[PDB]
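Student: There's a structure below that I have some questions on.
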Amino acid sequence: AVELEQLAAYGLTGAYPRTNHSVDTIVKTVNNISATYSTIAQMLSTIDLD
Amino acid sequence: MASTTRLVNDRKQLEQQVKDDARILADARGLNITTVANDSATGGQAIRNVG
């Protein structure tokens, strides 16, 4: 959700997203998320799966 | 066109002969190689497993 004035100001000045990080940091973060999910799934499978 | 027109080619041939016959009389001795070593590794980032 965004209001009309903010969107108009964004579009008038021709803004675009910009970043200073590299590709590998993002994929490392995604791998961390997947690892957390895998850890929880393994714990549930070895303790709670009944 | 006389014998003067052949001076530069004469010098070329003379330089070639001087180099060739100075190579013949030069004394040649084997040298010891002292640089053998296994120091040419490659780096990079490890492909660590996730799980």
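FYI, nothing fancy with the structure tokens labels: chains A, B, ... in order, residues from 1 per chain, ligands from 1 as they appear.
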Could you work out which residues of chain B fall inside 12 Å of chain A? Count only C-alpha atoms, and format the result as a list in words.

Tutor: residues 45, 47, 48, 49, 50 and 51 of chain B

Student: Could those selected residues go to a file with N, CA, C and O atoms, as a compact mmCIF listing (two decimals), in the first residue's frame?

Tutor:
# COMPACT_ATOMS: atom_id res chain seq x y z
N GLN B 45 36.78 -19.68 -3.33
CA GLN B 45 35.85 -19.83 -2.22
C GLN B 45 35.35 -21.26 -2.14
O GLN B 45 35.01 -21.87 -3.17
N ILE B 47 33.02 -24.41 -1.64
CA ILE B 47 31.60 -24.71 -1.87
C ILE B 47 31.14 -25.52 -0.66
O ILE B 47 31.11 -26.75 -0.65
N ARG B 48 30.78 -24.80 0.39
CA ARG B 48 30.35 -25.44 1.63
C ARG B 48 28.93 -25.96 1.49
O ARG B 48 28.06 -25.32 0.90
N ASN B 49 28.70 -27.15 2.06
CA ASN B 49 27.36 -27.73 2.02
C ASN B 49 26.45 -27.05 3.04
O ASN B 49 26.91 -26.51 4.05
N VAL B 50 25.16 -27.04 2.74
CA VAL B 50 24.15 -26.46 3.61
C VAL B 50 23.09 -27.52 3.89
O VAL B 50 22.74 -28.31 3.00
N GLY B 51 22.61 -27.56 5.12
CA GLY B 51 21.64 -28.54 5.53
C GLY B 51 21.29 -28.41 6.99
O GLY B 51 21.59 -27.40 7.64

Student: Would you give me, as number ranges by chain, the residues in chain B that DSSP reads as alpha helix (DSSP H)?

Tutor: B: 7-25
